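Remarks on the structure that follows.
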Amino acid sequence: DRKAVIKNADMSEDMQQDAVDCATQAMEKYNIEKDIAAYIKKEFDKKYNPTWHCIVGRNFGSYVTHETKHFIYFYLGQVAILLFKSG
Amino acid sequence: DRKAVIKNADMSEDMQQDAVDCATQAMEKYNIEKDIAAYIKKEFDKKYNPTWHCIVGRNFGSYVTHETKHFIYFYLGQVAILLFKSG
Amino acid sequence: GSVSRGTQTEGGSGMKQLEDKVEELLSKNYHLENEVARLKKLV
Amino acid sequence: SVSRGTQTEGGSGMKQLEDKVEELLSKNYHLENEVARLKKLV
């Protein structure tokens with residue numbers, strides 16, 4: 001019911017869908033953002049090497065620095081998801 | 001109506017107050033979180049070396065990895081502020 | 001590679017829609033309940 | 001290197017509403033069936 005809208009990305013297409021999948025899996029498991037956030041960061045640390053970070057929520061803003069081709073910002077439903085690599 | 005409450009910190013005391021000051025300055029200048037977020041990240045990049053990241057908001061959760069003695073999570077009023085180093 | 005950038009959420013749109021829909025349902029609900037109570041008495 | 005998370009004091013007013021609509025929608029459907037069920041006896 002909660003369809004995927006990518007607001008911004010500097011990332012490969014494969015990885016972008018793979019983020020959107022994770023986010024979806026995480027949201028089937030956990031209701032709490034902190035926990036969705038950890039689920040994803042962890043999965044990406046494994047597949048694509050450290051060091052990823054991930055913020056999940058509805059009313060926040062950010063300023064961050066990422067590695068080339070390792071950044072995504074997208075909504076899964078009315079919930080925003082920031083995921084990116086630095087370290 | 002905007003007193004400082006530290007929820008969690010792994011940081012020096014000087015730095016911690018200094019964050020709380022930055023946050024305060026930023027919020028005198030900018031209403032928008034994104035912009036408060038940038039103000040701080042930038043300032044800490046300058047004073048304490050890169051690479052800092054900063055998330056500012058009211059309804060979000062996170063999972064992140066930080067450097068030893070470079071992490072703070074605190075509220076300035078009803079607005080939460082995450083700031084930390086990872087490069 | 002090193003790229004600095006920010007994000008901002010835009011939530012809040014469609015809230016009156018919900019607020020007004022709750023009001024509607026609450027009201028329809030109370031009135032439906034009374035109809036039930038009224039008919040249970042009959043049967 | 002220290003991995004950790006945060007969470008804000010839950011939660012949004014909008015989730016509150018979303019969840020309240022869900023609740024009412026559901027109570028409603030069920031209340032209607034009860035009516036028809038008595039309306040079927042009448």
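Labeling convention for the structure tokens: chains A, B, ... as they appear, residues from 1 per chain, ligands from 1 in order of appearance.
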Members of chain A assigned helix (DSSP H, G or I) by DSSP, as a PyMOL selection string: chain A and resi 13-29+33-48
Keeping N, CA and C atoms, export the residues of the selection given above as a CSV table (one decimal), in the first residue's frame.
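Result file follows (result.csv):
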```
chain,number,residue,atom,x,y,z
A,13,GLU,N,21.6,2.0,-9.9
A,13,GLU,CA,20.2,1.6,-10.0
A,13,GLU,C,19.9,0.3,-9.2
A,14,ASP,N,20.7,-0.7,-9.4
A,14,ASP,CA,20.6,-1.9,-8.6
A,14,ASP,C,20.6,-1.5,-7.1
A,15,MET,N,21.6,-0.9,-6.6
A,15,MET,CA,21.6,-0.5,-5.2
A,15,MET,C,20.4,0.3,-4.8
A,16,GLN,N,19.9,1.2,-5.6
A,16,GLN,CA,18.7,2.0,-5.3
A,16,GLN,C,17.4,1.1,-5.1
A,17,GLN,N,17.2,0.2,-6.0
A,17,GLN,CA,16.1,-0.8,-5.8
A,17,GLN,C,16.4,-1.6,-4.5
A,18,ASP,N,17.6,-2.0,-4.3
A,18,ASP,CA,18.0,-2.8,-3.1
A,18,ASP,C,17.8,-2.1,-1.8
A,19,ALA,N,18.0,-0.8,-1.8
A,19,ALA,CA,17.6,0.0,-0.7
A,19,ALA,C,16.1,-0.1,-0.5
A,20,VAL,N,15.4,0.2,-1.5
A,20,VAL,CA,13.9,0.2,-1.5
A,20,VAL,C,13.4,-1.2,-1.0
A,21,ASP,N,14.0,-2.2,-1.4
A,21,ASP,CA,13.7,-3.6,-0.9
A,21,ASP,C,13.9,-3.7,0.6
A,22,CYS,N,15.2,-3.4,1.0
A,22,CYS,CA,15.5,-3.4,2.5
A,22,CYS,C,14.5,-2.7,3.2
A,23,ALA,N,14.3,-1.4,2.9
A,23,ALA,CA,13.4,-0.5,3.6
A,23,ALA,C,12.1,-1.3,3.8
A,24,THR,N,11.6,-1.9,2.7
A,24,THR,CA,10.3,-2.7,2.8
A,24,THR,C,10.4,-3.8,3.7
A,25,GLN,N,11.4,-4.6,3.7
A,25,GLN,CA,11.6,-5.7,4.6
A,25,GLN,C,11.6,-5.2,6.0
A,26,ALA,N,12.6,-4.3,6.3
A,26,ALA,CA,12.6,-3.7,7.6
A,26,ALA,C,11.3,-3.2,8.2
A,27,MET,N,10.5,-2.6,7.3
A,27,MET,CA,9.1,-2.1,7.7
A,27,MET,C,8.1,-3.2,8.0
A,28,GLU,N,8.3,-4.4,7.4
A,28,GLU,CA,7.5,-5.6,7.7
A,28,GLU,C,7.8,-6.1,9.1
A,29,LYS,N,9.1,-6.0,9.5
A,29,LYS,CA,9.6,-6.5,10.8
A,29,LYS,C,9.3,-5.5,11.9
A,33,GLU,N,11.1,3.4,14.0
A,33,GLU,CA,12.1,3.9,13.0
A,33,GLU,C,13.5,3.5,13.3
A,34,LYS,N,14.0,3.9,14.5
A,34,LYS,CA,15.3,3.5,15.0
A,34,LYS,C,15.7,2.1,14.6
A,35,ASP,N,14.7,1.2,14.7
A,35,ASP,CA,15.0,-0.2,14.3
A,35,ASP,C,14.9,-0.5,12.8
A,36,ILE,N,14.1,0.2,12.1
A,36,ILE,CA,14.1,0.1,10.7
A,36,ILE,C,15.5,0.6,10.2
A,37,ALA,N,15.8,1.8,10.7
A,37,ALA,CA,17.1,2.4,10.5
A,37,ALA,C,18.3,1.5,10.7
A,38,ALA,N,18.3,0.8,11.8
A,38,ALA,CA,19.4,-0.2,12.1
A,38,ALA,C,19.4,-1.3,11.1
A,39,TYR,N,18.2,-1.9,10.8
A,39,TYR,CA,18.1,-3.0,9.9
A,39,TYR,C,18.8,-2.7,8.6
A,40,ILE,N,18.6,-1.5,8.1
A,40,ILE,CA,19.1,-1.2,6.7
A,40,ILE,C,20.6,-0.9,6.8
A,41,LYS,N,21.1,0.0,7.6
A,41,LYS,CA,22.5,0.3,7.8
A,41,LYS,C,23.3,-1.0,7.9
A,42,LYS,N,22.8,-1.9,8.6
A,42,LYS,CA,23.5,-3.2,8.9
A,42,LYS,C,23.6,-4.0,7.6
A,43,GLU,N,22.5,-4.1,6.9
A,43,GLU,CA,22.4,-4.9,5.7
A,43,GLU,C,23.3,-4.3,4.6
A,44,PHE,N,23.4,-3.0,4.5
A,44,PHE,CA,24.3,-2.4,3.5
A,44,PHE,C,25.7,-2.4,3.9
A,45,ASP,N,26.0,-2.4,5.2
A,45,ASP,CA,27.4,-2.6,5.7
A,45,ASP,C,27.9,-4.0,5.2
A,46,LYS,N,27.0,-5.0,5.2
A,46,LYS,CA,27.4,-6.3,4.9
A,46,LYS,C,27.6,-6.5,3.4
A,47,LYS,N,26.6,-6.0,2.6
A,47,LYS,CA,26.6,-6.3,1.2
A,47,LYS,C,27.7,-5.4,0.5
A,48,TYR,N,27.7,-4.1,0.9
A,48,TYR,CA,28.4,-3.1,0.2
A,48,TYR,C,29.6,-2.5,1.0
```
Every residue of chain A that DSSP places in strand (DSSP E), as a PyMOL selection string: chain A and resi 4-11+52-66+70-76+79-85
Go ahead and dump the residues you just picked, N, CA and C atoms, as a compact mmCIF listing (two decimals), in the first residue's frame.
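The result, written out as selection.txt:
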```
# COMPACT_ATOMS: atom_id res chain seq x y z
N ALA A 4 6.87 3.37 -3.36
CA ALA A 4 8.23 3.98 -3.25
C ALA A 4 8.46 5.19 -4.16
N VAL A 5 8.84 6.32 -3.55
CA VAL A 5 9.15 7.54 -4.30
C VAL A 5 10.56 8.01 -3.94
N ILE A 6 11.47 7.96 -4.91
CA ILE A 6 12.83 8.46 -4.71
C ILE A 6 12.90 9.96 -4.92
N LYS A 7 13.23 10.70 -3.87
CA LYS A 7 13.36 12.14 -3.99
C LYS A 7 14.71 12.51 -4.58
N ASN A 8 15.77 11.87 -4.11
CA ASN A 8 17.12 12.13 -4.62
C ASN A 8 17.99 10.90 -4.48
N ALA A 9 18.90 10.73 -5.45
CA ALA A 9 19.87 9.63 -5.45
C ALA A 9 21.16 9.98 -6.18
N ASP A 10 22.28 9.51 -5.62
CA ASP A 10 23.58 9.44 -6.29
C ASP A 10 24.08 8.05 -5.95
N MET A 11 23.70 7.09 -6.77
CA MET A 11 23.81 5.67 -6.43
C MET A 11 23.52 4.87 -7.68
N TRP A 52 28.16 2.68 6.38
CA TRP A 52 26.87 3.32 6.04
C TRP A 52 26.19 3.94 7.27
N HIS A 53 25.31 4.90 7.01
CA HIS A 53 24.48 5.52 8.04
C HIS A 53 23.06 5.58 7.52
N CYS A 54 22.07 5.65 8.40
CA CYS A 54 20.68 5.63 7.96
C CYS A 54 19.73 6.28 8.92
N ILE A 55 19.00 7.26 8.43
CA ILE A 55 18.02 7.98 9.20
C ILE A 55 16.64 7.72 8.60
N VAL A 56 15.69 7.39 9.47
CA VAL A 56 14.33 7.07 9.07
C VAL A 56 13.34 7.91 9.89
N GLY A 57 12.43 8.59 9.22
CA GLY A 57 11.46 9.43 9.91
C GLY A 57 10.54 10.20 8.99
N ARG A 58 9.78 11.12 9.58
CA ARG A 58 8.74 11.87 8.86
C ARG A 58 8.92 13.38 8.97
N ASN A 59 9.48 13.86 10.08
CA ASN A 59 9.69 15.30 10.30
C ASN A 59 11.12 15.57 10.72
N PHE A 60 12.03 15.48 9.75
CA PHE A 60 13.42 15.86 9.98
C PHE A 60 14.07 16.47 8.75
N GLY A 61 15.22 17.12 8.99
CA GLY A 61 16.08 17.70 7.95
C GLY A 61 17.51 17.31 8.25
N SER A 62 18.38 17.37 7.25
CA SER A 62 19.79 16.95 7.43
C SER A 62 20.76 17.69 6.55
N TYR A 63 22.02 17.67 6.97
CA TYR A 63 23.14 18.02 6.09
C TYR A 63 24.30 17.07 6.33
N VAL A 64 24.75 16.43 5.27
CA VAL A 64 25.66 15.32 5.38
C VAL A 64 26.63 15.32 4.24
N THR A 65 27.64 14.49 4.36
CA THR A 65 28.66 14.34 3.34
C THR A 65 28.72 12.90 3.00
N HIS A 66 28.65 12.56 1.71
CA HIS A 66 28.72 11.16 1.31
C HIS A 66 29.77 10.87 0.28
N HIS A 70 27.01 6.74 -3.52
CA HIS A 70 26.58 6.04 -2.31
C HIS A 70 25.64 6.92 -1.49
N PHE A 71 24.55 7.37 -2.11
CA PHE A 71 23.58 8.19 -1.39
C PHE A 71 22.19 8.04 -1.94
N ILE A 72 21.22 7.85 -1.05
CA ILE A 72 19.82 7.83 -1.46
C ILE A 72 18.89 8.45 -0.43
N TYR A 73 17.86 9.12 -0.94
CA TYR A 73 16.86 9.73 -0.10
C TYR A 73 15.52 9.49 -0.76
N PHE A 74 14.67 8.73 -0.09
CA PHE A 74 13.42 8.29 -0.68
C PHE A 74 12.34 8.08 0.37
N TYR A 75 11.09 8.11 -0.08
CA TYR A 75 9.95 7.85 0.79
C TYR A 75 9.34 6.48 0.52
N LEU A 76 9.13 5.74 1.60
CA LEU A 76 8.36 4.51 1.57
C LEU A 76 7.09 4.86 2.34
N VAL A 79 6.75 8.01 5.01
CA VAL A 79 7.97 7.96 5.82
C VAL A 79 9.23 8.13 4.95
N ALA A 80 10.06 9.09 5.34
CA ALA A 80 11.29 9.41 4.65
C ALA A 80 12.44 8.55 5.14
N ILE A 81 13.34 8.20 4.23
CA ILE A 81 14.48 7.31 4.51
C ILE A 81 15.76 7.83 3.87
N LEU A 82 16.73 8.20 4.70
CA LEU A 82 18.04 8.66 4.25
C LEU A 82 19.06 7.59 4.50
N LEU A 83 19.83 7.26 3.48
CA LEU A 83 20.80 6.19 3.59
C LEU A 83 22.00 6.58 2.79
N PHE A 84 23.20 6.47 3.36
CA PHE A 84 24.40 6.89 2.64
C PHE A 84 25.69 6.44 3.28
N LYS A 85 26.77 6.53 2.54
CA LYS A 85 28.05 6.06 3.01
C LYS A 85 29.02 7.19 3.30
```
Any chance you could lay chain B over chain A, fitting all C-alpha atoms in order by least squares, and write the moved chain as a compact mmCIF listing (two decimals) with N, CA, C and O atoms, in the first residue's frame?
```txt
# COMPACT_ATOMS: atom_id res chain seq x y z
N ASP B 1 -0.73 1.13 0.19
CA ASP B 1 -0.58 2.41 0.96
C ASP B 1 0.89 2.76 1.30
O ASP B 1 1.14 3.58 2.19
N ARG B 2 1.85 2.15 0.61
CA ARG B 2 3.28 2.41 0.85
C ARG B 2 4.16 2.20 -0.40
O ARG B 2 5.14 1.44 -0.37
N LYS B 3 3.80 2.87 -1.50
CA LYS B 3 4.59 2.83 -2.75
C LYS B 3 5.90 3.66 -2.63
O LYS B 3 5.96 4.65 -1.90
N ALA B 4 6.93 3.24 -3.37
CA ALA B 4 8.28 3.83 -3.27
C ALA B 4 8.48 5.05 -4.17
O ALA B 4 8.32 4.94 -5.39
N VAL B 5 8.85 6.19 -3.58
CA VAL B 5 9.14 7.41 -4.34
C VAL B 5 10.53 7.88 -3.97
O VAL B 5 10.78 8.24 -2.82
N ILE B 6 11.45 7.86 -4.94
CA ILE B 6 12.81 8.39 -4.74
C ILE B 6 12.82 9.90 -4.93
O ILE B 6 12.48 10.40 -5.99
N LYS B 7 13.20 10.62 -3.89
CA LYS B 7 13.32 12.07 -4.00
C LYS B 7 14.66 12.49 -4.62
O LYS B 7 14.70 13.36 -5.50
N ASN B 8 15.75 11.86 -4.17
CA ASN B 8 17.11 12.14 -4.66
C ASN B 8 18.03 10.95 -4.51
O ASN B 8 17.97 10.23 -3.50
N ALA B 9 18.92 10.78 -5.48
CA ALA B 9 19.85 9.65 -5.48
C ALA B 9 21.15 9.98 -6.22
O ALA B 9 21.13 10.64 -7.25
N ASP B 10 22.26 9.51 -5.65
CA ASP B 10 23.56 9.43 -6.33
C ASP B 10 24.07 8.03 -5.99
O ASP B 10 24.73 7.81 -4.98
N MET B 11 23.70 7.08 -6.83
CA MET B 11 23.80 5.67 -6.50
C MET B 11 23.55 4.87 -7.77
O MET B 11 22.99 5.39 -8.74
N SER B 12 23.98 3.61 -7.79
CA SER B 12 23.65 2.76 -8.93
C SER B 12 22.18 2.38 -8.85
O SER B 12 21.58 2.38 -7.77
N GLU B 13 21.61 2.01 -9.99
CA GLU B 13 20.20 1.58 -10.05
C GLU B 13 19.91 0.29 -9.28
O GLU B 13 18.89 0.16 -8.60
N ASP B 14 20.81 -0.68 -9.42
CA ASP B 14 20.73 -1.91 -8.64
C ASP B 14 20.64 -1.59 -7.15
O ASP B 14 19.65 -1.92 -6.50
N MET B 15 21.67 -0.93 -6.64
CA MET B 15 21.70 -0.49 -5.25
C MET B 15 20.42 0.23 -4.83
O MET B 15 19.89 -0.03 -3.75
N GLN B 16 19.93 1.13 -5.67
CA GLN B 16 18.72 1.91 -5.35
C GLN B 16 17.49 1.04 -5.09
O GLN B 16 16.79 1.22 -4.08
N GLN B 17 17.22 0.10 -6.00
CA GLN B 17 16.15 -0.88 -5.80
C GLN B 17 16.43 -1.67 -4.52
O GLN B 17 15.53 -1.95 -3.73
N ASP B 18 17.70 -2.01 -4.30
CA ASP B 18 18.09 -2.86 -3.18
C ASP B 18 17.85 -2.18 -1.85
O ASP B 18 17.45 -2.81 -0.87
N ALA B 19 18.08 -0.88 -1.83
CA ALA B 19 17.67 -0.07 -0.70
C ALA B 19 16.15 -0.18 -0.54
O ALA B 19 15.65 -0.57 0.51
N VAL B 20 15.41 0.13 -1.60
CA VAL B 20 13.95 0.11 -1.54
C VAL B 20 13.40 -1.24 -1.06
O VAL B 20 12.35 -1.27 -0.41
N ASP B 21 14.09 -2.33 -1.37
CA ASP B 21 13.72 -3.67 -0.87
C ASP B 21 13.99 -3.78 0.64
O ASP B 21 13.10 -4.18 1.43
N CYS B 22 15.22 -3.45 1.04
CA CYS B 22 15.59 -3.45 2.45
C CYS B 22 14.59 -2.69 3.27
O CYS B 22 14.04 -3.21 4.23
N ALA B 23 14.35 -1.45 2.86
CA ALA B 23 13.40 -0.58 3.55
C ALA B 23 12.09 -1.30 3.75
O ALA B 23 11.50 -1.27 4.84
N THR B 24 11.65 -1.99 2.70
CA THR B 24 10.40 -2.71 2.72
C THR B 24 10.47 -3.86 3.72
O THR B 24 9.55 -4.03 4.52
N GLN B 25 11.55 -4.64 3.67
CA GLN B 25 11.71 -5.77 4.61
C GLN B 25 11.69 -5.26 6.04
O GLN B 25 10.87 -5.69 6.85
N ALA B 26 12.59 -4.34 6.32
CA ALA B 26 12.67 -3.69 7.63
C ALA B 26 11.30 -3.25 8.16
O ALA B 26 10.99 -3.44 9.34
N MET B 27 10.47 -2.67 7.30
CA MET B 27 9.16 -2.17 7.73
C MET B 27 8.12 -3.29 7.94
O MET B 27 7.10 -3.08 8.59
N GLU B 28 8.38 -4.48 7.40
CA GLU B 28 7.57 -5.66 7.71
C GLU B 28 7.89 -6.19 9.10
O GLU B 28 7.02 -6.74 9.78
N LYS B 29 9.15 -6.04 9.50
CA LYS B 29 9.65 -6.54 10.78
C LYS B 29 9.36 -5.56 11.91
O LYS B 29 8.69 -5.90 12.88
N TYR B 30 9.85 -4.33 11.75
CA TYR B 30 9.84 -3.32 12.82
C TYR B 30 8.90 -2.13 12.55
O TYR B 30 8.92 -1.54 11.46
N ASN B 31 8.12 -1.77 13.57
CA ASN B 31 7.31 -0.55 13.55
C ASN B 31 8.16 0.69 13.88
O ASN B 31 7.91 1.77 13.36
N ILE B 32 9.17 0.54 14.73
CA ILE B 32 9.94 1.70 15.23
C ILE B 32 11.07 2.11 14.25
O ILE B 32 11.84 1.28 13.78
N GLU B 33 11.15 3.40 13.95
CA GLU B 33 12.09 3.87 12.94
C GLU B 33 13.52 3.49 13.28
O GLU B 33 14.24 2.94 12.43
N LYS B 34 13.92 3.81 14.51
CA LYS B 34 15.25 3.49 15.01
C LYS B 34 15.64 2.13 14.51
O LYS B 34 16.71 1.98 13.93
N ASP B 35 14.74 1.16 14.70
CA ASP B 35 14.97 -0.23 14.33
C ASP B 35 14.95 -0.49 12.84
O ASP B 35 15.70 -1.34 12.38
N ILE B 36 14.09 0.20 12.11
CA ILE B 36 14.10 0.08 10.66
C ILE B 36 15.46 0.58 10.18
O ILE B 36 16.14 -0.08 9.40
N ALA B 37 15.83 1.76 10.69
CA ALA B 37 17.13 2.39 10.45
C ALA B 37 18.32 1.44 10.65
O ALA B 37 19.22 1.39 9.81
N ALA B 38 18.32 0.71 11.75
CA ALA B 38 19.41 -0.21 12.03
C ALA B 38 19.44 -1.38 11.05
O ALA B 38 20.50 -1.76 10.54
N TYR B 39 18.27 -1.93 10.77
CA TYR B 39 18.16 -3.06 9.87
C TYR B 39 18.87 -2.79 8.56
O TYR B 39 19.58 -3.64 8.02
N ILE B 40 18.66 -1.59 8.05
CA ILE B 40 19.16 -1.21 6.73
C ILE B 40 20.65 -0.93 6.78
O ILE B 40 21.44 -1.54 6.05
N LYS B 41 21.05 -0.02 7.65
CA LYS B 41 22.46 0.29 7.81
C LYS B 41 23.28 -0.99 7.85
O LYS B 41 24.30 -1.12 7.19
N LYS B 42 22.81 -1.94 8.65
CA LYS B 42 23.54 -3.17 8.89
C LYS B 42 23.64 -3.96 7.60
O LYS B 42 24.72 -4.43 7.24
N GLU B 43 22.52 -4.07 6.90
CA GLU B 43 22.49 -4.89 5.71
C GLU B 43 23.43 -4.33 4.66
O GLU B 43 24.19 -5.07 4.04
N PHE B 44 23.41 -3.02 4.49
CA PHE B 44 24.29 -2.40 3.52
C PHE B 44 25.76 -2.46 3.95
O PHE B 44 26.64 -2.55 3.10
N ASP B 45 26.03 -2.41 5.25
CA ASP B 45 27.39 -2.58 5.73
C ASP B 45 27.91 -3.92 5.26
O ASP B 45 29.06 -4.04 4.83
N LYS B 46 27.05 -4.93 5.31
CA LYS B 46 27.42 -6.30 4.94
C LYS B 46 27.68 -6.46 3.44
O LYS B 46 28.75 -6.94 3.04
N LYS B 47 26.68 -6.07 2.63
CA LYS B 47 26.70 -6.29 1.17
C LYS B 47 27.70 -5.37 0.49
O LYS B 47 28.48 -5.81 -0.34
N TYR B 48 27.71 -4.09 0.89
CA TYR B 48 28.47 -3.06 0.20
C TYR B 48 29.62 -2.43 0.98
O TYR B 48 30.12 -1.39 0.59
N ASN B 49 30.06 -3.05 2.05
CA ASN B 49 31.17 -2.55 2.87
C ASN B 49 30.82 -1.32 3.71
O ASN B 49 30.06 -0.46 3.28
N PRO B 50 31.41 -1.23 4.90
CA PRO B 50 31.22 -0.06 5.76
C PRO B 50 31.88 1.18 5.18
O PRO B 50 32.81 1.03 4.39
N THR B 51 31.45 2.38 5.59
CA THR B 51 30.55 2.59 6.74
C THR B 51 29.29 3.35 6.36
O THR B 51 29.37 4.55 6.02
N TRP B 52 28.14 2.68 6.42
CA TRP B 52 26.86 3.31 6.10
C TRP B 52 26.20 3.95 7.32
O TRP B 52 26.48 3.62 8.44
N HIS B 53 25.30 4.90 7.05
CA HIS B 53 24.48 5.52 8.08
C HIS B 53 23.05 5.59 7.54
O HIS B 53 22.86 5.60 6.33
N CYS B 54 22.04 5.63 8.41
CA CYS B 54 20.65 5.63 7.94
C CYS B 54 19.70 6.28 8.90
O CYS B 54 19.63 5.88 10.04
N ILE B 55 18.94 7.23 8.39
CA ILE B 55 17.97 7.96 9.18
C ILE B 55 16.61 7.71 8.58
O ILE B 55 16.43 7.85 7.38
N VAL B 56 15.66 7.35 9.43
CA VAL B 56 14.31 7.01 9.01
C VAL B 56 13.29 7.82 9.82
O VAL B 56 13.30 7.79 11.07
N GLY B 57 12.39 8.52 9.13
CA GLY B 57 11.42 9.37 9.83
C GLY B 57 10.48 10.15 8.94
O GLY B 57 10.42 9.93 7.73
N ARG B 58 9.76 11.08 9.55
CA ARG B 58 8.68 11.82 8.88
C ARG B 58 8.80 13.33 8.99
O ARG B 58 8.31 14.05 8.11
N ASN B 59 9.41 13.83 10.06
CA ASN B 59 9.60 15.27 10.24
C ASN B 59 11.01 15.58 10.67
O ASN B 59 11.26 15.90 11.84
N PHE B 60 11.94 15.47 9.72
CA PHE B 60 13.34 15.83 9.95
C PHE B 60 13.98 16.44 8.72
O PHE B 60 13.45 16.35 7.61
N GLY B 61 15.12 17.07 8.96
CA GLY B 61 16.00 17.65 7.92
C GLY B 61 17.45 17.28 8.24
O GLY B 61 17.77 16.91 9.37
N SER B 62 18.33 17.37 7.25
CA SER B 62 19.71 16.95 7.42
C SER B 62 20.67 17.74 6.57
O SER B 62 20.28 18.38 5.58
N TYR B 63 21.94 17.70 6.98
CA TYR B 63 23.04 18.05 6.10
C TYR B 63 24.17 17.07 6.33
O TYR B 63 24.61 16.89 7.44
N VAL B 64 24.62 16.43 5.26
CA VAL B 64 25.56 15.33 5.36
C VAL B 64 26.59 15.34 4.24
O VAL B 64 26.47 16.07 3.29
N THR B 65 27.62 14.51 4.39
CA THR B 65 28.63 14.34 3.36
C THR B 65 28.72 12.88 2.97
O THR B 65 28.85 12.03 3.83
N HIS B 66 28.63 12.56 1.69
CA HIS B 66 28.69 11.16 1.30
C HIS B 66 29.72 10.87 0.24
O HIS B 66 30.26 11.76 -0.40
N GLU B 67 30.01 9.58 0.10
CA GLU B 67 30.87 9.07 -0.96
C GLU B 67 30.13 9.16 -2.27
O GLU B 67 28.90 9.00 -2.31
N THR B 68 30.90 9.39 -3.33
CA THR B 68 30.38 9.32 -4.68
C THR B 68 29.69 7.97 -4.94
O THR B 68 30.23 6.90 -4.60
N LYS B 69 28.49 8.06 -5.52
CA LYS B 69 27.65 6.92 -5.87
C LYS B 69 27.20 6.08 -4.68
O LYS B 69 27.01 4.86 -4.82
N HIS B 70 27.00 6.73 -3.53
CA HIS B 70 26.56 6.05 -2.32
C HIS B 70 25.63 6.93 -1.50
O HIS B 70 25.88 7.21 -0.33
N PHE B 71 24.53 7.36 -2.10
CA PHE B 71 23.56 8.18 -1.38
C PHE B 71 22.17 8.05 -1.93
O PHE B 71 21.97 8.18 -3.15
N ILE B 72 21.19 7.86 -1.05
CA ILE B 72 19.79 7.81 -1.49
C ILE B 72 18.83 8.41 -0.47
O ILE B 72 19.02 8.28 0.73
N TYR B 73 17.82 9.09 -0.98
CA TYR B 73 16.83 9.71 -0.14
C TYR B 73 15.49 9.46 -0.79
O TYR B 73 15.23 9.98 -1.87
N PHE B 74 14.65 8.68 -0.12
CA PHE B 74 13.40 8.22 -0.70
C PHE B 74 12.33 7.95 0.34
O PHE B 74 12.63 7.69 1.49
N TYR B 75 11.07 8.02 -0.10
CA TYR B 75 9.92 7.77 0.76
C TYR B 75 9.37 6.39 0.49
O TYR B 75 9.17 6.00 -0.68
N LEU B 76 9.11 5.65 1.57
CA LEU B 76 8.34 4.42 1.52
C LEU B 76 7.07 4.73 2.29
O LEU B 76 7.07 4.80 3.52
N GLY B 77 5.98 4.96 1.57
CA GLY B 77 4.77 5.53 2.16
C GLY B 77 4.99 6.98 2.57
O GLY B 77 5.68 7.73 1.88
N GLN B 78 4.40 7.37 3.70
CA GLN B 78 4.55 8.73 4.23
C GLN B 78 5.80 8.87 5.12
O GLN B 78 5.93 9.84 5.88
N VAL B 79 6.72 7.91 5.02
CA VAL B 79 7.95 7.87 5.84
C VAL B 79 9.19 8.03 4.97
O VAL B 79 9.40 7.28 4.01
N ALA B 80 10.00 9.03 5.31
CA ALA B 80 11.22 9.36 4.59
C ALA B 80 12.40 8.52 5.09
O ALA B 80 12.47 8.19 6.27
N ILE B 81 13.31 8.18 4.17
CA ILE B 81 14.45 7.30 4.44
C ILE B 81 15.74 7.83 3.81
O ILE B 81 15.87 7.88 2.58
N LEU B 82 16.69 8.21 4.65
CA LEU B 82 18.01 8.66 4.20
C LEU B 82 19.02 7.55 4.47
O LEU B 82 19.04 6.98 5.55
N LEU B 83 19.84 7.25 3.48
CA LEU B 83 20.81 6.19 3.59
C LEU B 83 22.00 6.58 2.75
O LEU B 83 21.83 7.00 1.63
N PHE B 84 23.19 6.44 3.30
CA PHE B 84 24.39 6.87 2.60
C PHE B 84 25.67 6.42 3.25
O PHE B 84 25.68 6.07 4.40
N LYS B 85 26.76 6.50 2.52
CA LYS B 85 28.04 6.03 2.99
C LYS B 85 29.01 7.18 3.29
O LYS B 85 29.19 8.08 2.46
N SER B 86 29.64 7.13 4.45
CA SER B 86 30.75 8.02 4.79
C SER B 86 31.53 7.42 5.98
O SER B 86 30.94 7.22 7.07
N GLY B 87 32.84 7.16 5.79
CA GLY B 87 33.66 6.39 6.77
C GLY B 87 35.05 6.97 7.07
O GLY B 87 35.61 7.78 6.29
```
Kindly assemble as a Markdown table a list of the chain D residues that lie within 10 Å of chain B, each paired with its nearest atom pair and their distance in Å to one decimal, using only C-alpha atoms, sorted first by chain and then by ascending residue number.
```
| residue | atom | partner | partner_atom | distance |
| --- | --- | --- | --- | --- |
| D:1 | CA | B:67 | CA | 5.0 |
| D:2 | CA | B:66 | CA | 5.3 |
| D:3 | CA | B:65 | CA | 4.0 |
| D:4 | CA | B:64 | CA | 5.4 |
| D:5 | CA | B:63 | CA | 4.0 |
| D:6 | CA | B:62 | CA | 5.2 |
| D:7 | CA | B:61 | CA | 4.3 |
| D:8 | CA | B:59 | CA | 5.9 |
| D:9 | CA | B:59 | CA | 7.8 |
| D:10 | CA | B:59 | CA | 7.3 |
| D:11 | CA | B:59 | CA | 6.3 |
| D:12 | CA | B:59 | CA | 6.3 |
| D:13 | CA | B:59 | CA | 9.8 |
```
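Excluding segment 31-35 of chain D itself and any same-chain residue fewer than 6 positions from it, the protein and nucleic acid residues within 12 Å of it, counting only C-alpha atoms, are residues 25, 26, 28, 29, 30, 31, 32, 33, 34, 35, 36, 37, 38, 39, 40 and 43 of chain C; 24, 25, 41 and 42 of chain D.
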Save out the residues we just selected, C-alpha atoms, as a CSV table (one decimal), in the first residue's frame.
```
chain,number,residue,atom,x,y,z
C,25,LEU,CA,-16.8,8.7,11.2
C,26,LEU,CA,-17.1,9.5,14.9
C,28,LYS,CA,-21.8,8.3,11.8
C,29,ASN,CA,-20.6,5.9,14.4
C,30,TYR,CA,-22.4,7.3,17.5
C,31,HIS,CA,-25.6,7.5,15.3
C,32,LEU,CA,-25.2,4.0,14.1
C,33,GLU,CA,-24.7,2.7,17.6
C,34,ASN,CA,-28.0,4.3,18.7
C,35,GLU,CA,-29.8,2.6,15.8
C,36,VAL,CA,-28.4,-0.8,17.0
C,37,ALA,CA,-29.4,-0.2,20.7
C,38,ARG,CA,-32.8,0.9,19.4
C,39,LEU,CA,-33.3,-2.3,17.3
C,40,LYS,CA,-31.9,-4.7,19.9
C,43,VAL,CA,-35.8,-7.9,18.8
D,24,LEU,CA,-12.9,4.2,13.1
D,25,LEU,CA,-13.2,2.7,9.6
D,41,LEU,CA,-34.5,-9.8,11.4
D,42,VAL,CA,-37.0,-6.8,11.2
```
